[PDB]
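A single chain, nothing else alongside it, follows as structure tokens in the form deposited in one PDB entry.
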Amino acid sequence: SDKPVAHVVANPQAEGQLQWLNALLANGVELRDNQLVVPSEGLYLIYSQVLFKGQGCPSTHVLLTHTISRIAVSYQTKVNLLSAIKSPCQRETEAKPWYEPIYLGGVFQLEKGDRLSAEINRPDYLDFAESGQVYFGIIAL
């Protein structure tokens, strides 16, 4: 009847950084310090997504990450929940572009007041222009 849920999205203007905005947070969940703040204990369904693009390809090796992290009330420690890593640049270019999305999602026990980050190593290579399909969200079960 009041099952916690949240879904947020990126900020296209924010000069090289993944700021989560214009926010659909319901039934307790908050967005504080760019971090989904849980409102109660239980079983939750946690996902996210981010998108990349680079013109050409630089020879110094390009390595793109994404990571959802739990900061538990139990230990105040930044535990990795979901994470991925990508190698767009294998060959240098001609100078033609490339695009690469990353998405994560799992079911997770969470506790009253656990904070959840969602971050990336290289905000400079974001592709904000793709109708803003760079999101983050959670859902109680």
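In this text, residue numbers run from 1 along the sequence as written. Whichever C-alpha set is largest while still superposing within 1.5 Å between the two forms counts as the rigid core.
- Residue-level annotation: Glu92 lacks coordinates in a third or more of the other entries compared, counting only those that model residues on either side of it.
- Compared with other deposited structures of the same protein, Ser59 meets the criterion of being unmodelled in at least one third of those that resolve residues on both sides.
- The modelled chain breaks after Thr93 and resumes at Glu94, leaving 4 to 9 residues of the deposited sequence without coordinates.
- A chain break between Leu21 and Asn22 is present, corresponding to 4 to 9 residues of the deposited sequence without coordinates.
- Taking the PDB entry as given, 55 to 63 carries the higher mean Cα B factor of the two stretches 80 to 88 and 55 to 63.
- Here 70 to 78 and 38 to 46 are compared by their mean Cα B-factor, and 70 to 78 comes out higher.
- In this entry, the residue among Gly113, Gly105, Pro101, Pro97 with the greatest C-alpha B factor is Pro97.
- Sort the chain's modelled residues by C-alpha temperature factor and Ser117 lands in the lowest third, per the entry.
What comes next is about the form deposited in another entry, which does not appear here.
- Comparing C-alpha positions between the shown form and the other one after a rigid core fit, one residue in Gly56, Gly42, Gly105, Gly113 moves 2 angstroms or more. It is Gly56.
- Core-superposed comparison between the shown form and the other one: the Cα of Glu130 travels 2 Å or more.
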